[PDB]
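All Cβ positions, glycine included, derive from the backbone under ideal geometry; neighbour counts span all protein chains shown. We did not get these values from a lab; they are worked out from the coordinates using the rules stated.
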Protein chains: 2
Amino acid sequence: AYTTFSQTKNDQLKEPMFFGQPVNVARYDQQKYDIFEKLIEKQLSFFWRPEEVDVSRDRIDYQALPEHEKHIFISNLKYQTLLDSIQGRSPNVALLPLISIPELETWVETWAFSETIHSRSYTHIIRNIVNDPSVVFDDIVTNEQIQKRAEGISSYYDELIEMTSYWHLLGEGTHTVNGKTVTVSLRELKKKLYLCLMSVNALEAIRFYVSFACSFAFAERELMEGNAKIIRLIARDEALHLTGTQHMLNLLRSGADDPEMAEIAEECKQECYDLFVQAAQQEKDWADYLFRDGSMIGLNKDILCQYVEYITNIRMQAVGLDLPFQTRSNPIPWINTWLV
Amino acid sequence: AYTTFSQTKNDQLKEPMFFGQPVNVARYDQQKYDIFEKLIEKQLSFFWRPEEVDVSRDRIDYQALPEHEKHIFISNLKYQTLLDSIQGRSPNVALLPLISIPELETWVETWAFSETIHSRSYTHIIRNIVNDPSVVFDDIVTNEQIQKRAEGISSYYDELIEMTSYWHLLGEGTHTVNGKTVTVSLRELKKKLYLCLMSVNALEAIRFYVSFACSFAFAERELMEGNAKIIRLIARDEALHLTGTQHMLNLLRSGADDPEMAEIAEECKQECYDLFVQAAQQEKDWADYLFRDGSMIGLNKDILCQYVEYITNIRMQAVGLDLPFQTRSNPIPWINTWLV
């Protein structure tokens with residue numbers, strides 16, 4: 001029963017984050033949860049444009065890199081481009097139709113917009129360092145290592161989108177669609193949302209941070225400094241995005257927003273643990289792909305895989321999951337210097 | 001049907017604007033249509049923050065206004081807030097799932113983001129001029145005159161979203177759901193899109209400009225000057241937005257993008273004309289509501305109705321529709337001071 005302007009006057013302070021009545025009036029004078037307004041304000045204050053970053057010496061650096069270092073750099077860049085191609089559209093297509101408070105609605109839209117800026121910055125880098133940009137962009141879709149991750153990530157979004165359509169069109173209960181029976185459960189839809197949000201937390205809080213490590217490793221060598229300047233703007237946005245989903249998941253599990261969600265969150269714990277561990281293992285397998293033909297000064301498979309474990313523990317803890325790894329310390333303390 | 005990352009490698013330059021393969025890679029190094037990239041670049045260069053505009057001197061002006069002038073100002077502001085509450089979410093929810101070209105995908109998200117800025121500016125104004133913002137915001141939803149406009153505009157979006165959902169879930173052809181026969185036609189869907197785009201063209205190109213006229217009329221008397229500074233930035237964005245929909249409509253109707261669209265455009269040309277005239281009439285009826293307790297220096301019902309007719313002819317001609325009204329020079333040439 002979705003609508004772009006819900007005609008019944010509701011108290012927006014008493015609506016849940018998700019699955020309530022679609023937002024009508026966009027107002028910002030009051031908030032259920034302070035965090036979402038605070039994030040919008042911060043994101044707006046961070047506004048930047050890629051094309052105003054000088055990436056001219058980055059071509060020289062890139063072309064001078066040996067084959068395997070080109071491979072490390074470009075594989076990383078293609079992965080970042082993939083991830084934010086998804087993040088550009090997906091929060092709008094998947095989350096926006098389900099939101100029932102204004103501050104969250106606008107946060108999601110501001111968040112997705114900032115991702116389009118990141119995507120634009122990747123085009124800016126690629127067209128300025130590479131001879132044939134199309135080769136790079138085409139490979140993002142066809143690269144077998146990349147699509148493995150694309151497949152898994154997009155699925156959490158796609159399954160949420162599809163089940164939302166059945167819920168908006170048929171409502172709860174058991175139905176008949178061209179003979180076949182289709183079950184529509186709001187509880188299952190809430191599970192699909194929680195799981196998707198958990199996946200998106202891992203993507204922004206873990207997957208992107210592994211990629212930031214690769215990019216900043218070049219900048220430690222005073223190479224690809226134009227790129228580095230851009231990544232540090234991107235990571236600064238990413239810290240906000242990850243904070244967003246952290247709060248969403250933690251408010252959902254605490255039962256404060258929706259009591260049904262706390263039940264669902266507890267029955268999900270294992271799947272949540274598993275998908276984070278699975279994400280970590282994928283990033284570790286990706287480290288193998290990056291370093292298959294050799295390593296570079298300041299970054300190899302052992303360093304990157306330890307970082308994967310370290311950052312995973314920290315991100316899992318922040319959303320109340322168990323720490324899967326014994327790793328206690330950061331092998332790349334210089335990353336904190338680059339991160340804002 | 002819909003996926004947040006389509007797995008098949010496609011030439012994005014030969015996709016249609018809408019209904020083609022969902023965008024995978026967000027790239028900006030090439031474009032099917034130059035206009036959408038140009039609008040993104042322009043919109044990004046225009047970035048502003050309402051909170052940076054001094055609206056503190058506006059409260060004394062507003063409270064000082066006679067009751068009918070308060071009625072004129074606040075009715076206008078409520079309508080503006082209504083329209084961009086819709087414009088904030090709707091391009092994202094209605095159009096995004098249908099776009100098959102990356103530059104258009106990003107334009108739509110950039111356009112929708114800029115609308116949330118507009119919404120925030122309205123909160124910024126409302127908070128700084130009235131005693132209890134809640135009564136203003138709630139009346140946006142309950143006001144019988146305002147809601148009349150909301151329901152009409154909402155319908156074009158809502159009907160597109162619903163039919164899009166059926167087309168994603170069931171595909172085209174005749175189907176049955178819970179005994180009821182439902183027919184899904186892509187042709188019917190394309191018509192819904194075109195009509196929606198025509199409605200959004202009228203909203204931004206006509207409805208908002210009528211509202212700018214009201215706002216700038218106070219500014220001519222050196223009243224509500226903070227609000228005026230904000231409207232200048234809003235109108236500058238609005239010029240971009242309506243250029244967006246003009247180009248979408250003209251590309252669709254010319255057969256340059258999709259031959260089936262050129263044909264559908266002619267088929268519902270009369271509906272398009274009737275849609276715009278009905279919008280013009282609503283705005284005239286709105287001016288009547290605005291001035292039912294009296295008028296002000298520079299603006300009354302007669303003058304505002306002349307402006308409605310004046311811009312309606314310009315906008316209708318731009319999208320290839322017949323002119324419903326007489327020829328006249330700009331009834332309010334003082335508005336040029338405030339525009340661009």
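General remarks:
- Residue A:256 paired with residue B:70, simple spin-label distance in nm, labels 7 Å along Cα-to-beta-carbon: 3.8 nm
- Proximal charge balance of residue B:163 [Cβ under 9 Å; K/R count +1, D/E count -1]: -2
- A dipole drawn for the protein assembly as shown from +1 and -1 charges on Cβ atoms has a positive end, and of B:340, B:300, B:287 the residue lying farthest that way is B:340.
- Unit charges at the beta carbon, dipole of the protein assembly as shown: most positive-side option, A:156, A:197, A:184: A:197
- Each of B:135, B:87, B:239 was scored by the projection of its Cα onto the charge dipole of chain B, and the greatest displacement toward the positive side belongs to B:239; charges sit on the C-beta of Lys, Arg, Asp and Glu.
- Rounded, prolate or oblate (a/c below 1.5 giving rounded, otherwise prolate when a/b exceeds b/c) for segment B:197-315 by Cα gyration tensor: oblate
- The relative contact order of segment B:146-209 comes to 33 percent, based on Cα pairs under 8 Å that sit 6 or more residues apart.
- For residues of B:113-124, the mean tally of beta carbons on other chains within 10 Å: 5
- Inter-chain neighbour count for B:144-155: the average number of beta-carbon atoms from partner chains within 10 Å of each residue's beta-carbon is 2.
- Distances in nm from residue A:180 to the matching label points in the other copies, shortest first (labels 7 Å along Cα to Cβ): 2.1
- Placing a label point 7 Å from Cα along the Cα-to-Cβ axis, residue B:326 is separated from the same position in the other copies by 9.0 nm, shortest listed first.
- Within the same chain, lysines fewer than 8 places from residue A:9 are excluded, and of the rest, those with a Cα less than 20 Å from its Cα are A:32, B:78, B:148.
- Ellipticity estimate at 222 nm from DSSP helix runs (n ≥ 4, -39,500 (n - 2.57)) divided over the protein assembly as shown, nearest 500: -22000 deg cm²/dmol
- With a Cα cut-off of under 25 Å and a minimum spacing of 8 residues unless on different chains, the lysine pairs in segment B:187-340 number 6.
- Each part gets one Cα centre, and for segment A:81-153 versus segment B:97-130 those centres are 19 Å apart.
- Tensor-based shape of chain B (alpha-carbon gyration tensor, a/c under 1.5 rounded, otherwise prolate or oblate): prolate
- Each Cα pair under 8 Å and six or more residues apart adds its sequence gap; the mean of these over the residue count of chain A is a relative contact order of 20 percent.
- Taken along its principal axes, the alpha carbon cloud of the protein assembly as shown reaches lengths of 78, 60, 51 Å, longest axis first.
- Between helix A:186-202 and chain A: long-axis angle, C-alpha atoms, 0 to 90°, nearest 10: 20 degrees
- Gaussian network model of chain B, springs between alpha carbon atoms under 10 Å - residue of B:13, B:39, B:233 with greatest fluctuation: B:13
- Against the main long axis of the alpha-carbon atoms of chain B, helix B:34-45 sits at an angle near 40°.
- Acute angle (nearest 10 degrees) that the helix A:133-142 long axis makes with the longest principal axis of chain A, alpha-carbon atoms: 50 degrees
- Pairwise inverse Cα distances across segment B:72-209, averaged and inverted, put the Kirkwood hydrodynamic radius at 16.7 Å.
- As a rough footprinting exposure proxy, the listed residues A:167, A:338 were ranked by other beta carbons within 10 Å of their own, and the order from fewest upward is A:338, A:167.
- Sorted by Cβ neighbour density within 10 Å, fewest at the top, the residues B:59, A:315, B:221: B:221, B:59, A:315
- Charging the Cβ of each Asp and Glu at -1 and of each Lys and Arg at +1, and nothing else, the dipole of chain B about its Cα centre rounds to 180 debye.
- The chymotrypsin sites (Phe, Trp or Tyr not before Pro) of segment B:113-146 include none that meets both criteria, a DSSP state outside H, G, I, E and B (loop) and at most 14 other C-beta atoms within 10 angstrom of the site's C-beta.
- Across the identical copies, how the residue A:260 labels are spaced - nm, sorted shortest first, 7 Å along Cα→Cβ: 3.7
- Rounded to the nearest whole Hz, the Karplus-based 3J(HN,Hα) values (6.51 cos²θ - 1.76 cosθ + 1.60, θ = phi - 60°) of segment B:322-328 follow the sequence 5, 8, x, 10, 4, 7, 8, with x at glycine and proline.
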